[PDB]
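Below is one structure, written out as structure tokens; the observations come after it.
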Amino acid sequence: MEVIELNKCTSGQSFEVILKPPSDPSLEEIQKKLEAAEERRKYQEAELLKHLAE
Amino acid sequence: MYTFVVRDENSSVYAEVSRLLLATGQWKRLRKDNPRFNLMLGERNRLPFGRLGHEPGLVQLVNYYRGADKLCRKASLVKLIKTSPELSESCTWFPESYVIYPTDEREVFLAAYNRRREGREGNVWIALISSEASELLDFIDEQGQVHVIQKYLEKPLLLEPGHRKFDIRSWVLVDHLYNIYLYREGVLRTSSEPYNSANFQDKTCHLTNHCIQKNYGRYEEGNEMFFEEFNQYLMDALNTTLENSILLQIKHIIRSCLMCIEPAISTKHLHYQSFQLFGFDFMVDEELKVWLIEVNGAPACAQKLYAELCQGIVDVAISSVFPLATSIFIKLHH
Amino acid sequence: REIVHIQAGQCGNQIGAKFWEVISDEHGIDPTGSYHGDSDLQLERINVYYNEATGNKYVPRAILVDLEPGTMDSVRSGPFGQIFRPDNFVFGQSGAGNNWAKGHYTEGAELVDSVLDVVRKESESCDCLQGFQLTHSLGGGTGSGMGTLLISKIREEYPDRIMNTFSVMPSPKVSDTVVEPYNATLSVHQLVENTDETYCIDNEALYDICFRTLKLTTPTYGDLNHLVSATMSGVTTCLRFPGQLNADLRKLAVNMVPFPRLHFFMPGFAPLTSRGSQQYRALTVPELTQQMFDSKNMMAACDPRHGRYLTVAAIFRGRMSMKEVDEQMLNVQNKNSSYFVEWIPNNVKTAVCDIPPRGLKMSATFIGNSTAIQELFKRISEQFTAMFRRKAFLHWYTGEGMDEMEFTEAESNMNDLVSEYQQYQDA
Amino acid sequence: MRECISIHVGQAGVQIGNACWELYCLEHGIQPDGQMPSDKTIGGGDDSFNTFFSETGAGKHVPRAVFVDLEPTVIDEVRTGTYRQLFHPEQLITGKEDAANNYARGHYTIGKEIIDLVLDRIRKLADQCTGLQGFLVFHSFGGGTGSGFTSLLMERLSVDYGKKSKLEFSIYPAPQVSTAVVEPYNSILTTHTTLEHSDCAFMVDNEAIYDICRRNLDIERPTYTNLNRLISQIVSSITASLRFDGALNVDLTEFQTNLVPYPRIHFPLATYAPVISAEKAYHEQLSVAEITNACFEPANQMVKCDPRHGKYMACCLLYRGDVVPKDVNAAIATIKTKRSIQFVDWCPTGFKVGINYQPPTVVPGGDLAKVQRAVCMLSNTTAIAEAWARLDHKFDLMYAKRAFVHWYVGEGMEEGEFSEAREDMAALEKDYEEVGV
Ligand SMILES: Nc1nc2c(ncn2[C@@H]2O[C@H](COP(=O)(O)OP(=O)(O)OP(=O)(O)O)[C@@H](O)[C@H]2O)c(=O)[nH]1
Ligand SMILES: Nc1ncnc2c1ncn2[C@@H]1O[C@H](COP(=O)(O)OP(=O)(O)CP(=O)(O)O)[C@@H](O)[C@H]1O
Ligand SMILES: Nc1nc2c(ncn2[C@@H]2O[C@H](COP(=O)(O)OP(=O)(O)O)[C@@H](O)[C@H]2O)c(=O)[nH]1
Ligand SMILES: O=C1NC(=O)[C@@H](c2cn3c4c(cccc24)CCC3)[C@@H]1c1c[nH]c2ccccc12
Ligand SMILES: [Ca+2]
Ligand SMILES: [Mg+2]
Ligand SMILES: [Mg+2]
């Protein structure tokens, strides 16, 4: 019903129509997560090479 | 070879349906959590509609209409009828009702309670049945959940011999094309003990539930009068038929209720499809005027009518979608 | 992403040479190593299996290994014998005498370093090596014993590379010696730990197919290898040709293997054909789909209805309606959803390649990770136990320094593997 | 004028980026060699299109975009594609080996060795900006790179560019065009890690796009190219306000303002119409009322769901072509009385409307026919949570058996992150539930 905020230009136009009213981690922590996961990889690989060594 | 799953073990209706499907030898039952199904006989609560129609290479159908609960809950039915222009508010076939929350439209209910008292006319209501507003509001707050207060039909049609009360159950099947099918066989769930007008405390002759009644089995087998007998009674005792005096109003009410919610629940252009069996409860006053009491989303059938109805469901709701290698339904046209 | 091929032992080299013979023809490469095709589809991913030299010569990235020169001399004088890099021929003189111990601990240990030098030389040339594929038998000594030794040492030097194997399982129906169940059990123990993907090529299945289906009265190893080379060409299609997914060895492993030890696949193929006999009628897509899923078309003597498919990869080759392929493959899953585990959603994937194999207008290759594969390992385990309970023929192994305990350990781990496959069959 | 940098991660991101930037060029009259005859301010300026295109003294207009894939295959086709001259080498970043459909491999393992390089190449673009708004990030949910590396990038961007907005164009996985069996894992994992870092994300279910191409373009088997050209049209409709003169959604912050009242619930549903086949001989052009009514058909949505059984928080209609406010308002009034459109109680029942008189541009030789008027509706409805429910269910089935989990643990990821991600998703479904019912 109610059309508001009609803005017009050469490219087109825009408006709003209402029908009814109502009723972060740091760089440190990131580098810590990535490196800690790298340690778990290194540990797994070391356990493999140790197993292969046996 | 079609496939289906069962997720409501307590469904007496669809326990018979699953049986009939297997007996064709063209339907195979899968486990509960097998997603590769054609048909889903879904649970009554938290039915995962969101997970339907996303299986490539499978046309999927479910035995429930998402959103049909608005019609099949007492608090919702009142709100639906009162807010929907197609029904509200001069609805002639639904009793005057109000939504009441425990400590809403409580002040609105009392405004009407005054007219009946300051008019010296019938002023009996139902949630328990009482003629005092204070007795009712104290009962709702003592229970806990949301209740509905409704005008009690003080002048119901009474069967003879017995001077008994009754209510009519009609089974309606809405298929995937939203064709509204009325089962030609209904049932009168009668009271055996004579209707008492003064004493509302005795709820055995006021409430006509099959469980409460179980004078059980005196007049007819199991307090259930079918349509052939009830029609014969109307002809002999009132010089009319079931069709003219009652069934036209019934078909009208059913048609009107489901037409109202069609755009909200229709699965016409959906990725999955739905059908559902409803059980409409009607009440007839002494002037042969039909009143809608409510709608049950998960109705049980009468023992005599299981074989015919359940087979009927397969023919028009299932086999219509999944064909295999006169009619018991009345199509309410719209 | 380059693949380094290795073939060890008599069986490994004979199916290995046959594999290169088949796919070279598919990629338009002649024995000289020169390309003479007509489609650019042939050369797009030819780097996966072939090195390129000056003058546009294509040389297989293959290393041929054995402990006796007999079989490898036959390769070098075979049809595509000249295509192989002569320096990649690494062989001993003593042989292995169908002895796992000789291949793994004594005779093979003496030669294994020479092989790894050739592996290293090939790998350093790779822009980005994705992994290795090995062809060998498990019933002999070289392919079984030294083959699993190589795998272990390759893992040590390339622990972040994929190891794939085409492992030929022994069968009394096609048997060389009585000690094959010993060699096989010892090898399975190794494959469980040190491979990501193993195609179980069962000689029992191959024999039955040749006898029952192909109506070959007395099938030879050549007849058996016609089915192998057909299967091998199929399962590697998505690695060798441009596809929708451009599959590699790692992505295959991730999608096929839900649990690390359960990586033993049942291959299947359709249509089943015998050598020489050309078929004139192309199979319809429904026929390809029905046949490839049939037990008669399985290269592993296991009844797929006795288990459940964890994962399935399929490839249709030839000019056909990919829509029809989709419908038929979806139909199989929807008709027999009980033979597919429900706790791995959408565990069946199908691809299509325009280029069909030689002599067929269309074919379908099957790769299944089924729990029914336990029937294979149970069969080997029974034959193992029948001899081991009396310590029969064990002196051939203890004579090479092995102890009885190593046999007991190998037995236990294969029985564990069986029970692991059984665990998910009732999930 | 304020600049926007587009980031394309993984195969899906890159190939969709190609479709979008191709279309952007055609809409603005930019040629493959980067020359734009209509731009009379040689060597620079601050027009609306400069939001996406920077300028060189030679008169070349280059995208403010970075392409990143852990595998060189896909981006190599950009380096040699028809628009090879458009971008310059520093924008196209490639690794050696992909993430192998593994979130952990893309996030932790391989992501760690290239994250610094990418941020450096992004910083170079940001230096050429006078007033950076933020970023538009294109990626898949299912890919190892699209899921893994994206979440890592989005984390660092919130650190390096804390004041900047970040929008997502995400591809929701569909079995019909599956690349991996573990795509549900990757989807849940990347959503959990990216959620707090994304201001507004537009999900596109490949299932929906695939079926729209089959149904409306009569393409039996849609290719990635078919999907992407349709997607680029939707993306273009959404970003048109940033690249053309207007007064609706003129900046990135306004997207969150007009579509996202609740931060966590920042997944608006996109619906587009009309989709018409180019080889359709006879076509009756559709009116404003017909295309607007189509915005409420599930068959036209980027994600298949049922908005009737949810609640709206916001709704934008973006028209392109012969459209005037009068016909829009007439269309809305009719639709309102015919369809179920429930807004949440704490929101006004209304529509923000944007119109561009230029009809949608079609790629020559494409599958889309030229139309006189089109519309894209952006509605923040709780019904899109059906997609999360589907996804979380597939996740639960596999994770109950810890299937394929070892592949992720092997890359250094903890099994606890699976349960942590799934818990965050469980809370998200609850959030939608509270708002919706
Ligand atoms: N719409 C669309 N989806 C795509 C496209 N390419 C890939 N996808 C989807 O993306 C998902 C897989 O992610 P990809 O982008 O292919 O893989 P990635 O991001 O490169 O990650 P990795 O390859 O594993 O390192 C699948 O569900 C595909 O359907 C595309 O061009 N268009
Ligand atoms: N407004 C009214 N006036 C008169 N009688 C009424 C009434 N509302 C209900 N009744 C009587 O009360 C009985 C039970 O009420 P109600 O229908 O709410 O319970 P119910 O849910 O068990 C029916 P169903 O079992 O089919 O769901 C009805 O069968 C009818 O006998
Ligand atoms: N399919 C096939 N199997 C073979 C062939 N040659 C040997 N085998 C099998 O391999 C086992 C013998 O191993 P073999 O390769 O000969 O021993 P090795 O040379 O020391 O590795 C037996 O179980 C045979 O059935 C062959 O040409 N084809
Ligand atoms: O191209 C491909 N890459 C993959 O990872 C394969 C795959 C297996 N599963 C997948 C799943 C999802 C997506 C892709 C794949 C479900 C379970 C198993 C797929 C493939 C289909 N048929 C083949 C024949 C030979 C080699 C590879 C393939
Ligand atoms: Ca300029
Ligand atoms: Mg031999
Ligand atoms: Mg990729």
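Residue numbering restarts at 1 in every chain; chains get A, B, ... in the order shown in the structure tokens, and ligands count up from 1 in that same order.
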Problem set entry | 6 Å contact set for stretch 204-215 of chain D, only C-alpha atoms, chain neighbours under 2 positions out, as an MDAnalysis selection string | chainID D and resid 171:172 174 217:220 302:303
Considering only strand (DSSP E or B) as DSSP defines it on the backbone, what residues of stretch 266-331 of chain C qualify? List them as a PDB file with N, CA and C atoms, in the first residue's frame.
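The resulting file, part-v4.pdb, is reproduced below:
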ATOM      1  N   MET C 266      36.638 -55.383  -4.994  1.00  0.00           N
ATOM      2  CA  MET C 266      36.196 -56.393  -5.952  1.00  0.00           C
ATOM      3  C   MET C 266      35.990 -55.763  -7.326  1.00  0.00           C
ATOM      4  N   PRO C 267      36.855 -56.087  -8.302  1.00  0.00           N
ATOM      5  CA  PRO C 267      36.599 -55.546  -9.639  1.00  0.00           C
ATOM      6  C   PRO C 267      35.563 -56.366 -10.409  1.00  0.00           C
ATOM      7  N   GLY C 268      34.865 -55.730 -11.347  1.00  0.00           N
ATOM      8  CA  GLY C 268      33.916 -56.416 -12.207  1.00  0.00           C
ATOM      9  C   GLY C 268      33.965 -55.836 -13.606  1.00  0.00           C
ATOM     10  N   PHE C 269      33.505 -56.600 -14.594  1.00  0.00           N
ATOM     11  CA  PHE C 269      33.592 -56.172 -15.988  1.00  0.00           C
ATOM     12  C   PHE C 269      32.465 -56.743 -16.845  1.00  0.00           C
ATOM     13  N   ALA C 270      32.011 -55.953 -17.812  1.00  0.00           N
ATOM     14  CA  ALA C 270      31.005 -56.401 -18.766  1.00  0.00           C
ATOM     15  C   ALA C 270      31.163 -55.646 -20.084  1.00  0.00           C
ATOM     16  N   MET C 298      32.268 -60.837 -11.576  1.00  0.00           N
ATOM     17  CA  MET C 298      33.207 -60.389 -10.553  1.00  0.00           C
ATOM     18  C   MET C 298      34.557 -61.078 -10.708  1.00  0.00           C
ATOM     19  N   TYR C 309      27.734 -53.429  -0.046  1.00  0.00           N
ATOM     20  CA  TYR C 309      28.675 -52.511  -0.674  1.00  0.00           C
ATOM     21  C   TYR C 309      28.874 -51.263   0.178  1.00  0.00           C
ATOM     22  N   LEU C 310      30.111 -51.036   0.606  1.00  0.00           N
ATOM     23  CA  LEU C 310      30.460 -49.818   1.325  1.00  0.00           C
ATOM     24  C   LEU C 310      30.511 -48.651   0.350  1.00  0.00           C
ATOM     25  N   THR C 311      31.216 -48.864  -0.756  1.00  0.00           N
ATOM     26  CA  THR C 311      31.344 -47.867  -1.808  1.00  0.00           C
ATOM     27  C   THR C 311      31.405 -48.564  -3.162  1.00  0.00           C
ATOM     28  N   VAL C 312      30.994 -47.854  -4.209  1.00  0.00           N
ATOM     29  CA  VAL C 312      31.062 -48.375  -5.570  1.00  0.00           C
ATOM     30  C   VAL C 312      31.467 -47.278  -6.546  1.00  0.00           C
ATOM     31  N   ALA C 313      32.459 -47.589  -7.374  1.00  0.00           N
ATOM     32  CA  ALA C 313      32.854 -46.734  -8.483  1.00  0.00           C
ATOM     33  C   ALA C 313      32.664 -47.501  -9.784  1.00  0.00           C
ATOM     34  N   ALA C 314      32.044 -46.853 -10.765  1.00  0.00           N
ATOM     35  CA  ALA C 314      31.750 -47.488 -12.046  1.00  0.00           C
ATOM     36  C   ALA C 314      32.095 -46.562 -13.208  1.00  0.00           C
ATOM     37  N   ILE C 315      32.537 -47.155 -14.313  1.00  0.00           N
ATOM     38  CA  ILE C 315      32.908 -46.404 -15.507  1.00  0.00           C
ATOM     39  C   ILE C 315      32.356 -47.096 -16.751  1.00  0.00           C
ATOM     40  N   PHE C 316      31.501 -46.380 -17.475  1.00  0.00           N
ATOM     41  CA  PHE C 316      30.979 -46.847 -18.754  1.00  0.00           C
ATOM     42  C   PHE C 316      31.804 -46.253 -19.888  1.00  0.00           C
ATOM     43  N   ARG C 317      32.218 -47.096 -20.830  1.00  0.00           N
ATOM     44  CA  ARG C 317      33.032 -46.651 -21.954  1.00  0.00           C
ATOM     45  C   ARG C 317      32.287 -46.851 -23.268  1.00  0.00           C
ATOM     46  N   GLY C 318      32.418 -45.878 -24.167  1.00  0.00           N
ATOM     47  CA  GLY C 318      31.760 -45.919 -25.462  1.00  0.00           C
ATOM     48  C   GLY C 318      30.761 -44.790 -25.620  1.00  0.00           C
TER      49      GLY C 318
END
Neighbours of ligand 7 at 9 Å or closer, counting only C-alpha atoms and all ligand atoms: which residues, as a compact mmCIF listing (two decimals) with N, CA, C and O atoms, in the first residue's frame?
# COMPACT_ATOMS: atom_id res chain seq x y z
N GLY D 10 39.09 -22.46 -5.22
CA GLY D 10 38.78 -23.80 -5.68
C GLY D 10 38.20 -23.82 -7.08
O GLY D 10 38.00 -22.77 -7.69
N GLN D 11 37.93 -25.02 -7.59
CA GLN D 11 37.42 -25.18 -8.95
C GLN D 11 36.10 -24.46 -9.15
O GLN D 11 35.94 -23.69 -10.10
N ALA D 12 35.15 -24.70 -8.26
CA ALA D 12 33.82 -24.11 -8.37
C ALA D 12 33.90 -22.59 -8.33
O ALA D 12 33.24 -21.90 -9.11
N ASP D 69 43.62 -21.62 -6.52
CA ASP D 69 43.33 -23.04 -6.48
C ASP D 69 44.61 -23.78 -6.12
O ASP D 69 45.69 -23.39 -6.56
N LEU D 70 44.50 -24.84 -5.33
CA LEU D 70 45.68 -25.58 -4.90
C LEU D 70 46.20 -26.49 -6.02
O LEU D 70 47.24 -27.12 -5.88
N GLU D 71 45.46 -26.53 -7.12
CA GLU D 71 45.85 -27.28 -8.31
C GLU D 71 45.85 -26.33 -9.51
O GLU D 71 44.97 -25.48 -9.63
N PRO D 72 46.85 -26.45 -10.40
CA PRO D 72 46.99 -25.50 -11.51
C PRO D 72 46.03 -25.71 -12.68
O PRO D 72 45.85 -24.80 -13.48
N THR D 73 45.41 -26.89 -12.76
CA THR D 73 44.62 -27.28 -13.93
C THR D 73 43.54 -26.27 -14.32
O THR D 73 43.46 -25.87 -15.49
N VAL D 74 42.73 -25.86 -13.36
CA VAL D 74 41.56 -25.03 -13.65
C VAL D 74 41.95 -23.59 -13.99
O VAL D 74 41.42 -23.00 -14.93
N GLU D 97 49.50 -29.53 -5.85
CA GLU D 97 48.53 -30.62 -5.68
C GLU D 97 47.32 -30.17 -4.86
O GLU D 97 47.46 -29.42 -3.89
N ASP D 98 46.14 -30.63 -5.26
CA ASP D 98 44.89 -30.19 -4.65
C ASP D 98 44.70 -30.77 -3.25
O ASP D 98 45.56 -31.48 -2.73
N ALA D 99 43.55 -30.47 -2.65
CA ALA D 99 43.24 -30.91 -1.29
C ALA D 99 42.55 -32.27 -1.27
O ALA D 99 42.19 -32.77 -0.20
N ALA D 100 42.37 -32.87 -2.44
CA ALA D 100 41.83 -34.22 -2.55
C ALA D 100 40.49 -34.38 -1.83
O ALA D 100 40.29 -35.34 -1.09
N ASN D 101 39.58 -33.44 -2.06
CA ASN D 101 38.24 -33.49 -1.47
C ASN D 101 38.26 -33.55 0.05
O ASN D 101 37.31 -34.03 0.67
N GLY D 143 34.24 -29.20 -2.02
CA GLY D 143 35.64 -29.31 -2.39
C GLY D 143 36.56 -29.18 -1.19
O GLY D 143 36.22 -28.53 -0.20
N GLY D 144 37.72 -29.82 -1.27
CA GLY D 144 38.72 -29.73 -0.22
C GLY D 144 39.30 -28.33 -0.14
O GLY D 144 39.52 -27.81 0.95
N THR D 145 39.53 -27.73 -1.30
CA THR D 145 40.04 -26.37 -1.38
C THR D 145 38.93 -25.37 -1.07
O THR D 145 39.11 -24.47 -0.25
N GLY D 146 37.79 -25.54 -1.73
CA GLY D 146 36.66 -24.66 -1.56
C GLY D 146 36.18 -24.58 -0.12
O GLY D 146 35.75 -23.53 0.34
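Residue-level contact on chain C: within 8 Å of chain A, counting only C-alpha atoms, the set is residues 152, 156 and 159 of chain C.
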Exercise. Taking only C-alpha atoms and all ligand atoms into account, which residues are within 6 Å of ligand 5, as a PyMOL selection string?
Worked result: chain D and resi 39+41-42+44-45
Could you take the residues named above and write them with N, CA and C atoms, as a compact mmCIF listing (two decimals), in the first residue's frame?
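Result file is out-v3.txt:
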# COMPACT_ATOMS: atom_id res chain seq x y z
N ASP D 39 34.15 4.31 -21.68
CA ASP D 39 34.79 4.98 -20.55
C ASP D 39 35.64 6.14 -21.05
N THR D 41 36.86 8.66 -19.24
CA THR D 41 37.92 9.03 -18.30
C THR D 41 39.06 8.02 -18.42
N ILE D 42 39.96 8.26 -19.37
CA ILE D 42 41.07 7.36 -19.62
C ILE D 42 42.03 7.34 -18.44
N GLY D 44 41.61 6.07 -15.35
CA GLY D 44 41.06 6.06 -14.01
C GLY D 44 39.66 6.64 -13.92
N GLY D 45 39.26 7.01 -12.71
CA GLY D 45 37.94 7.56 -12.46
C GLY D 45 37.32 6.93 -11.22
Problem set entry | chain B residues near chain C (12 Å cut-off, only C-alpha atoms) as a ChimeraX atom specification | /B:1-4,26-38,54-59
Dump of N, CA and C atoms for the selected residues, as an mmCIF file, in the first residue's frame:
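selection-v7.cif was written with the following content:
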data_model
loop_
_atom_site.group_PDB
_atom_site.id
_atom_site.type_symbol
_atom_site.label_atom_id
_atom_site.label_comp_id
_atom_site.auth_asym_id
_atom_site.auth_seq_id
_atom_site.Cartn_x
_atom_site.Cartn_y
_atom_site.Cartn_z
ATOM 1 N N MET B 1 8.934 -52.342 -9.301
ATOM 2 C CA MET B 1 9.048 -52.666 -7.850
ATOM 3 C C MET B 1 9.233 -51.393 -7.030
ATOM 4 N N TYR B 2 8.138 -50.896 -6.464
ATOM 5 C CA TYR B 2 8.180 -49.696 -5.637
ATOM 6 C C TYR B 2 8.632 -50.045 -4.226
ATOM 7 N N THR B 3 9.081 -49.034 -3.489
ATOM 8 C CA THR B 3 9.571 -49.225 -2.127
ATOM 9 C C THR B 3 8.894 -48.253 -1.168
ATOM 10 N N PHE B 4 8.774 -48.650 0.096
ATOM 11 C CA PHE B 4 8.187 -47.777 1.105
ATOM 12 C C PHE B 4 8.769 -48.041 2.489
ATOM 13 N N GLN B 26 4.422 -56.091 -5.539
ATOM 14 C CA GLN B 26 5.067 -55.042 -6.328
ATOM 15 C C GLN B 26 5.535 -53.895 -5.433
ATOM 16 N N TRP B 27 5.399 -54.084 -4.122
ATOM 17 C CA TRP B 27 5.876 -53.121 -3.133
ATOM 18 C C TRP B 27 6.773 -53.819 -2.115
ATOM 19 N N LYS B 28 7.935 -53.223 -1.862
ATOM 20 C CA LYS B 28 8.923 -53.782 -0.944
ATOM 21 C C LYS B 28 9.181 -52.823 0.214
ATOM 22 N N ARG B 29 9.029 -53.312 1.440
ATOM 23 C CA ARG B 29 9.270 -52.484 2.615
ATOM 24 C C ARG B 29 10.759 -52.400 2.930
ATOM 25 N N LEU B 30 11.230 -51.183 3.179
ATOM 26 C CA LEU B 30 12.616 -50.949 3.567
ATOM 27 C C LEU B 30 12.690 -50.654 5.059
ATOM 28 N N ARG B 31 13.907 -50.535 5.579
ATOM 29 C CA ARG B 31 14.103 -50.195 6.982
ATOM 30 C C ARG B 31 13.657 -48.756 7.219
ATOM 31 N N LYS B 32 13.583 -48.357 8.484
ATOM 32 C CA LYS B 32 13.103 -47.024 8.836
ATOM 33 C C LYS B 32 13.945 -45.904 8.226
ATOM 34 N N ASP B 33 15.266 -46.035 8.327
ATOM 35 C CA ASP B 33 16.182 -44.962 7.945
ATOM 36 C C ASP B 33 16.765 -45.146 6.543
ATOM 37 N N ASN B 34 16.077 -45.911 5.700
ATOM 38 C CA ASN B 34 16.494 -46.069 4.311
ATOM 39 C C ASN B 34 15.926 -44.929 3.466
ATOM 40 N N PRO B 35 16.795 -44.034 2.957
ATOM 41 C CA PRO B 35 16.296 -42.858 2.231
ATOM 42 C C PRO B 35 15.782 -43.165 0.822
ATOM 43 N N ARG B 36 16.141 -44.327 0.284
ATOM 44 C CA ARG B 36 15.793 -44.681 -1.089
ATOM 45 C C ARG B 36 14.388 -45.276 -1.178
ATOM 46 N N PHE B 37 13.397 -44.501 -0.742
ATOM 47 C CA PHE B 37 12.003 -44.941 -0.730
ATOM 48 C C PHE B 37 11.146 -44.149 -1.715
ATOM 49 N N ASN B 38 10.076 -44.778 -2.196
ATOM 50 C CA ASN B 38 9.074 -44.094 -3.012
ATOM 51 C C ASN B 38 7.966 -43.512 -2.139
ATOM 52 N N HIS B 54 14.462 -35.001 -2.435
ATOM 53 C CA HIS B 54 15.843 -34.645 -2.762
ATOM 54 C C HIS B 54 16.662 -35.871 -3.158
ATOM 55 N N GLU B 55 15.972 -36.947 -3.530
ATOM 56 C CA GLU B 55 16.632 -38.173 -3.967
ATOM 57 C C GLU B 55 16.546 -38.318 -5.484
ATOM 58 N N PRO B 56 17.684 -38.170 -6.188
ATOM 59 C CA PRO B 56 17.638 -38.301 -7.651
ATOM 60 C C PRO B 56 17.149 -39.674 -8.112
ATOM 61 N N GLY B 57 16.207 -39.684 -9.052
ATOM 62 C CA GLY B 57 15.683 -40.922 -9.600
ATOM 63 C C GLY B 57 14.611 -41.562 -8.735
ATOM 64 N N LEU B 58 13.973 -40.761 -7.886
ATOM 65 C CA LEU B 58 12.905 -41.253 -7.017
ATOM 66 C C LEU B 58 11.770 -40.250 -6.855
ATOM 67 N N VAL B 59 10.604 -40.613 -7.379
ATOM 68 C CA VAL B 59 9.374 -39.882 -7.107
ATOM 69 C C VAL B 59 8.923 -40.237 -5.697
#
For this session: Identify all residues of stretch 27-160 of chain D in helix (DSSP H, G or I) (DSSP on the backbone) and supply them as a ChimeraX atom specification.
Result: /D:27-28,48-51,72-79,89-91,103-109,111-113,115-127,144-160
Exercise. At what distance in Å, to one decimal, does atom CA of residue B:206 lie from atom CA of residue B:136?
Worked result: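 Result for atom CA of residue B:136 versus atom CA of residue B:206: 16.6 Å, one decimal.
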Exercise. Ligand 2: which residues are within 8 Å, counting only C-alpha atoms and all ligand atoms, as a list in words?
Worked result: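 For ligand 2, the residues inside 8 Å are residues 74, 95, 125, 126, 127, 150, 151, 152, 153, 154, 156, 165, 166, 167, 169, 189, 206, 207, 208, 209, 279, 280, 281, 283, 293, 294, 295, 296 and 299 of chain B.
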Problem set entry | Residue among C:100, C:132, C:50, C:259 lying closest to residue C:154, counting only C-alpha atoms |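 Selected residue with least distance to residue C:154: C:132.
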For this session: Figure out the distance between atom CA of residue B:160 and atom CA of residue B:286, please, to one decimal in Å.
Result: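 Rounded to one decimal, the two atoms are 12.5 Å apart.
Here atom CA of residue C:198 stands at a distance of 12.8 Å from atom CA of residue C:299.
With only C-alpha atoms and all ligand atoms as the basis for measurement, C:254 is the residue among C:254, C:392, C:150, C:364 that approaches ligand 1 most closely.
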Exercise. Within 12 Å of ligand 6, counting only C-alpha atoms and all ligand atoms: which residues, as a PyMOL selection string?
Worked result: chain C and resi 8-14+66-68+70-71+95-99+136-144+170+174-177+180+221
